[PDB]
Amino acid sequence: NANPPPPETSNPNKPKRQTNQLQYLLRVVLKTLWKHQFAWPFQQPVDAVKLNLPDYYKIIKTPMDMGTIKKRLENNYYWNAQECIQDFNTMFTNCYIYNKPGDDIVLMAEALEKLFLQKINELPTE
C-alpha cells in the first residue's frame, strides 16, 4: 500500500570506472530522453500512492525510471554500458506490462523507446 523505497543508486563496494560509452549514456542518451516532451511520467519512480494505483507494485516487482538511471550514471554504479541499457529496457517493459496496449502512457513510452534505440545504434566503440 505504501510506495517501496526507490532502487539502489550508489554502492561503494563495487569497483568504478569512466568510459566513453558510460559518458555517452549520461551526456547524450539520458540528457536527450530527459528533455523529450513525453519524459515527464518516467523521470521519477512511479508514485503509486499519489497516482492512486494501489496495484502498481503488486504487478511491477522490478521498478525503474530515468531519475534512478541518472543517479546510477552519476554515482558510477554501472561498470558496463549494457547494465544501463537493461535499466532503460526495464523501464519501457514495466510500462508495457502494467498498462493497456494503445493507452496514451504506452504511446509515450513507445516514442521514448524509439528515440532511445536511435541513440543506442550510435553508441561509441568499446
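Note that residue numbering follows the sequence shown and begins at 1. Definition used throughout: the rigid core is the maximal C-alpha set that superposes within 1.5 Å between two forms.
Greater root mean square CA deviation, 107-115 compared with 19-27 in 8 other deposited structures of this protein, core aligned
Once the core is superposed, the stretch further away in 8 other deposited structures of this protein is 19-27.
Using RMS Cα distance over all structures and residues, flag whichever of 90-98 and 48-56 lies farther from this form in 8 other deposited structures of this protein after a core fit.
With the rigid core superposed, the C-alphas that lie farther in 8 other deposited structures of this protein are those of 48-56.
For the stretches 46-54 and 85-93, which has the higher mean C-alpha B-factor as given in the deposited record?
So the stretch with the higher mean C-alpha B-factor is 46-54.
Selected stretch [higher average CA B-factor]: 36-44 or 23-31:
Averaged over C-alpha atoms, the B-factors run higher in 23-31.
When the deposited Cα B-factors of this chain's modelled residues are ordered and cut into thirds, is residue 124 in the lowest, the middle or the highest one?
It belongs to the highest third of the chain when residues are ordered by C-alpha B-factor.
Going by the entry, which third of its chain does the Cα temperature factor of residue 107 land in?
Its C-alpha B-factor belongs to the middle third of this chain's values.
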